[PDB]
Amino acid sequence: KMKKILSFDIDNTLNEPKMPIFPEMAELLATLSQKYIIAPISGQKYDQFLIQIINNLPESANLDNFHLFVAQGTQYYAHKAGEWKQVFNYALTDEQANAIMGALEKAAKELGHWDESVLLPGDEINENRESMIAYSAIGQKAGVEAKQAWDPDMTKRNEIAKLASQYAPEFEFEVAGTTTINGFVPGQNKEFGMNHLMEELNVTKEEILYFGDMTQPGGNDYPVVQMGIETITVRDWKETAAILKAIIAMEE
């Protein structure tokens, strides 16, 4: 058949925002992995791909068929013979990381959004994910209740990302998730990641079916839409789950 790769953002596509996937999802992905490549592509860092997805999969999952495009596919991890390996990592220089972090910090502080008093113990706002920076306004470990209240309509993140861009015009700052702005070297977004996916997996655009929630002009899934990869827009993880349940039922 034409479609070989089932690709997904994590955020609000496979899970509740930044949370472990539910058992229902874990089983669907495990079943599909017997026959298809599962290629999550997301701003999340590698350890969070493990916590959100891999650590929750049943033992029957074929982990060899989970191909992980981390930090929007600026890093890539593949599994073979019981072991994950880093295939590539377009790492930031120290200078780039500091410039990107600093721009986000200055913007957030100026706009009145930088409040470390709300942080859970040992948490931080700005995280260096090696090849990308993630500013997550009320912390990298904040709960969904708290996160969804913070910027429901994206106004805060839009204004932070705009100001960060003015402060460091040589970089790119993109709204994500519930509380996040991703900062990176320009062009190194999901378009970058998908181009790498196609090269690494030896597939054409037509052989990928992509799922995401931010597929409108300006959203972080729009680059995939615009590349000509068939994209099904979802609103939440339950929508994705219904779709995968049906795919499985119609294959049997």
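Heads up: residue numbers just count along the shown sequence, starting at 1.
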Residue range whose averaged C-alpha B-factor is higher in the record, 55-63 or 205-213: 55-63
Please compare 93-101 with 142-150 and name the stretch with the higher mean C-alpha B-factor in the deposited structure. 142-150
Among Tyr77, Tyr135, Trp114, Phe173, where is the Cα temperature factor highest, going by the PDB entry? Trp114
Please pick out which of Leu120, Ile181, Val87, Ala71 has the largest Cα B-factor as recorded in the entry. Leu120
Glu24 - Cα temperature factor, lowest/middle/highest third of chain: highest
Relative to the other modelled residues in the chain, which third contains the C-alpha temperature factor of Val224: lowest, middle or highest? middle
Third of the chain, ranked by Cα B-factor, where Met2 sits: highest
Ranking the modelled residues of this chain by C-alpha B-factor as given in the entry, is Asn126 in the lowest, middle or highest third? middle
Within this chain's modelled residues, let me know which third the CA B factor of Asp11 belongs to: lowest, middle or highest. highest
